[PDB]
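Would you mind keeping the following structure in view while I ask a few things?
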Amino acid sequence: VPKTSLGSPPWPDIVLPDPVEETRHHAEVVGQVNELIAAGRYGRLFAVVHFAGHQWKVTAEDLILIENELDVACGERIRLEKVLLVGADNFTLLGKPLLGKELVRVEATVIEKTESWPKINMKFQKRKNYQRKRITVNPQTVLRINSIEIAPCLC
Amino acid sequence: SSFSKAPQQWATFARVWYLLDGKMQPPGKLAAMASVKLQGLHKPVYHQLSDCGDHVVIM
Amino acid sequence: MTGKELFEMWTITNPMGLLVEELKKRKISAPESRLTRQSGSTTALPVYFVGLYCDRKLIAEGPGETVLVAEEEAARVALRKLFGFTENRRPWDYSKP
Amino acid sequence: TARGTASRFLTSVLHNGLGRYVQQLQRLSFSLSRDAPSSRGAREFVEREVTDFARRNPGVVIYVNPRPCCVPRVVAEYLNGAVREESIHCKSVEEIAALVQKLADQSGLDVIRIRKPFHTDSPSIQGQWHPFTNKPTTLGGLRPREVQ
Amino acid sequence: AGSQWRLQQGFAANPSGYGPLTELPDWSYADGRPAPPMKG
Amino acid sequence: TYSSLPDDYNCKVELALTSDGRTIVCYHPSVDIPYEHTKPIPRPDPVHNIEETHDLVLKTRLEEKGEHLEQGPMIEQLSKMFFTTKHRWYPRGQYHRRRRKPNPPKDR
Amino acid sequence: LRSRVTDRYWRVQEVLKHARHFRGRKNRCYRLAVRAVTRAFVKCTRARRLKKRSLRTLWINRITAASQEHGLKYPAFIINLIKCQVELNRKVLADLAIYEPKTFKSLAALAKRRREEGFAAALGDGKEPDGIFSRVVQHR
Amino acid sequence: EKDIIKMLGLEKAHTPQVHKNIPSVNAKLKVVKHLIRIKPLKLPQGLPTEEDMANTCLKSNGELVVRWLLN
Amino acid sequence: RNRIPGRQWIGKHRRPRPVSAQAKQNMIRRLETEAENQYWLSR
């Protein structure tokens, strides 16, 4: 077989494993991860969670600020359902596109329902005598995430 | 992972010296990676205000 | 104590001595300090990484400006790992039993 | 303006809400008048809603003071020692109740620009990136052009 | 990005469009009782 | 044995998919540096200022080292040492030194 | 009834308080302060609009750095992560790259696996052969 | 063309609108065909009834799903 | 050295700014979309 510069593609050839072997390996890996979860050998867990239109990377005993008011009183506990990603020192669960509520539970306590610092929005136009000044005060909510829980229900 | 604040900061913002052979190499392609390394665009901790910069020695 | 470090309030003086005493208690012979990685030696701001090997097994690693500081940091990391006070430990449980 | 005003990070007093939640509002003192027309809202709020608010929140000491004053005022002192003074001059009962609820829900910290909307202690779980965390080690730790 | 792939698979061009990331309730009480509905 | 990325740098990644199909897991144990890829710590300890006649003077011989240079040479030396420009080391005026925040906010 | 202004001091101070950190006579003279304050607010609004773009570009640059550190290009990484139905924005990706090197390397490996599966499927042009990670999951 | 787009109810861009397949509106669609994308409405589950009006959705592929997010 | 007489995009001698492959692909895509529209507007 002739060998030229353009005879072969300029990238290494990729070989994929057989589907049955891949399924067996995935089953073994998920079983090992489930055994780790059941034994509780995980120290700390972080989670990427979608809330209030934003995605937040949150660990235990953390603080987050939400730019919109929530219909909850201060000191109330709230369970965050939209979990995008869970991770720990040795393992990591990726949702497609979300994790299970029974699989992962995250709880946060409302601390402060306050108002943000005044934001100035001023529009000015050249030599047309157009000035428009507004002061915006945006209600904000502070959430303290206390614990991140994971259940061994993973097949 | 469990480092003190000063050594962790030093490790995070440590400077690195890279080597680059220039024999039979195009100046533009050499300068592309040289500029990337000098600006620190190869570091996820890069920032314009930060002084993240790595030394490059081209022979 | 949230976000704090054990040594920030313990203030020990000889991390290497404390580590070797703890290893003797745990039936470990001796830690060996080996230079794993470094960045510049003649520069004004050298960076060194020193790891601790027991029976040629890495137990901890530490960065530093100088080799001695890197070794001390590696000893501190090994001591924290042995005592369980690590950044990846279980967060304190705040619940109602 | 960020460059013109001060700034602070997202912080909580005494790590509130971790073990338990503590209402940061300590005392709330209303100063009003009985004959000034401007104090109508304060008088009506004292008549109607102050008792219900006191029952709902027992952790705040509520003081009421009628005095020959022209500007009805409300002073909230928080557990931080911070004092926030507001004017209830010519406001309806609903506005007074909303302001009181806002003061109760406030943590008493400075109302300035917060640099980051998040605050996580020790976010370096599983490690923190360093220029050596993705570079493979060579045999013996030799330099690229160092001969052993 | 990746809008054409989502359109081919049937999902919205924007992941915020009628997806589970937005239609589902983002939060609920710790007791399990449902949260108030979202204005959007 | 298959992995998209080599397991040579800091961890060994093993990807898997749940039998349900809605969850992706990855076991990534950390990788320790092998003993064969390290070098011994260099030790430099030498005291050439020691004198057999008077150790009291020998000890001060290693501490009485001092030098003073002009502003230009000092800035040039600092720039050469730290691989920077000479414009950074020059001082600043009252207008800039007064407006610095005495107590900047601190995180962590 | 001759009417005069008495609160002109406070009227001037309410504008001067926002210009106390300027350079020159713009922090003292009122006539030179009003123009600077107005332009300062206009620039504040423009920069508030541009802050989202600037931070998005910074996140993209950090993601490019971390992906090239794993030998993978940013467009390929992004498209392959999207194909795996992993909806993580650039902010979260940059945070993971900075603080979760193992997680980011796992994501890069998943993206490379997805890219290899897509290339194999394109080369094969076979309906029956489908990659393990190329399967599409509907909503539930 | 502006008036045609106004009378067609397409003031808000990137928002689908449903119209008849009659030539009367086809004339205007031909007039402003260079500014719009037109697709045929698909009903795999048929016309929604009065009991399914609150549970309907419009997928981007061009079909109208009657039962959306069952519990 | 090389000056553009008059305004850049008004005068008799304009900027020689060419057409790009991105613009060509965009025009082709728009043409395909409009062709599909005119097909659906046939019956």
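Read from first to last, the chains carry the letters A, B, C, D, E, F, G, H and I; within each, the first residue is number 1.
Rule of thumb we're sticking to: a residue touches a chain if its C-beta (ideal position, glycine included) is under 8 Å from a C-beta of that chain, and two chains touch if they have at least 3 such contacts.
Hopping across touching chains, the smallest step count from chain C to chain I is 4. Each chain gets one centre point, the mean of its Cα atoms, and the points for chain A and chain G are 16 Å apart.
Rounded to whole angstrom units, the spacing between the C-alpha centres of chain B and chain H is 54. Taking each chain's centre as the mean of its C-alpha atoms, chain H lies 30 Å from chain I. For the pair chain A and chain D, the distance between C-alpha centroids works out to 26 Å. Each of the following residues of chain D touches two or more other chains: 1, 18, 119, 121-135, 137, 141. Each of residues 6, 15, 19-21 in chain E touches at least two other chains. Touching two or more other chains at once are residues 16, 22, 26, 44, 46, 50, 56-57, 61, 87, 89, 92, 94, 96-97, 120, 146 of chain A. Pairwise, the chains that make contact are A-C, A-D, A-E, A-F, A-G, B-C, B-D, B-G, C-D, C-F, D-F, D-G, E-G, E-H, F-G, H-I. Chain A meets chain F in the complex at residues 16-17, 22, 25-27, 29-30, 32-33, 89-96, 99-100, 103, 154-155.
Within the complex formed with chain D, the residues of chain F that make contact are 6, 8-10, 30, 33-34, 36-39, 105-108.
The touching residues of chain G, when paired with chain A in their complex, are 38-39, 41-42, 44-45, 48, 84-89, 91-92, 95-96, 99-100, 102-103, 106, 110, 116-117, 119-120, 131-132, 137.
By the touch rule above, chain C contacts chain A in their complex via residues 2, 86-95. Chain B makes touch with chain D in their complex at residues 1, 3, 8, 11-12, 14, 16, 19, 43-45, 54.
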